[PDB]
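Consider the single chain below, provided in structure tokens and representing the form deposited in one PDB entry.
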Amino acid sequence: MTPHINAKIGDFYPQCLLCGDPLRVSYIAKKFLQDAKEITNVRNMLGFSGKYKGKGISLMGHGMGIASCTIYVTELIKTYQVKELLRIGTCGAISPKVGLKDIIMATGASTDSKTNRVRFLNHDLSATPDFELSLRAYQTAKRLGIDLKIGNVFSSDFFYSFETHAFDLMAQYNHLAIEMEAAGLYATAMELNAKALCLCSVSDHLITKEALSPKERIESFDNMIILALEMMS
């Protein structure tokens, strides 16, 4: 009933977990939820509803990049009444103060996109998450015994960067890692008065080149999954 979601109205709980990869959403729905039901699949972009420790929770893939993430979040909020958008994914660390398996909470999302200057008077929009959600994330991680890393991320239009020489200046200004959506998620949620947070686990270090093995990857993504479901409980 939107050009990118074929769910029925009401099929989404007001809390939604987000990933770029629709197959990760699938993995989460099978392994971590009871009574999960696939509710959308336009363009193979999967969404699910189901229960986690008795509470209703929703999952939704959103593709890669600001433009794509912006499409699905816009529809999720405007048509399907999602109110809290918690978003999890991987990132390449650029700071010396984070390493493999760390979970980063993005209190800001810088960007090389033009999307926010187009949204916001051609000025600098400081794209930021909802504070109460970050507080629930901080509190839950302490309780779970996770050493939550906290700082800005840089949301890039480029997976294959042309500005790799600038990563140290980004790290100087407290950017812990690079991904590709958070500035879009945060700006859209600000645009539509909804609540958003982004969480990112370190799977590679772009400076010193250490990398997780493909099943070390899955163990640390699981650690992040559990943190996310726990803070929505």
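Rigid core here is just the name for the largest C-alpha set that superposes within 1.5 Å across the two forms. Don't overthink the numbering: it's just position in the shown sequence, from 1.
Keep in mind that the form deposited in another entry is missing from the display, and what follows is about it.
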- Message: Could you check, with the core superposed, whether the Cα atom of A211 shifts 2 Å or more between this form and the one not shown?
- Response: yes
- So with the core overlaid, does the Cα of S220 end up 2 Å or more away between this form and the one not shown? yes
- Message: Having a change of 3 Å or more in the C-alpha distance between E219 and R24, I'd like to know whether it is closer or farther in the other form than in the form here.
- Response: closer
- Relative to the shown structure, Cα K215 and Cα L144 in the other form (3 Å or more change) are farther
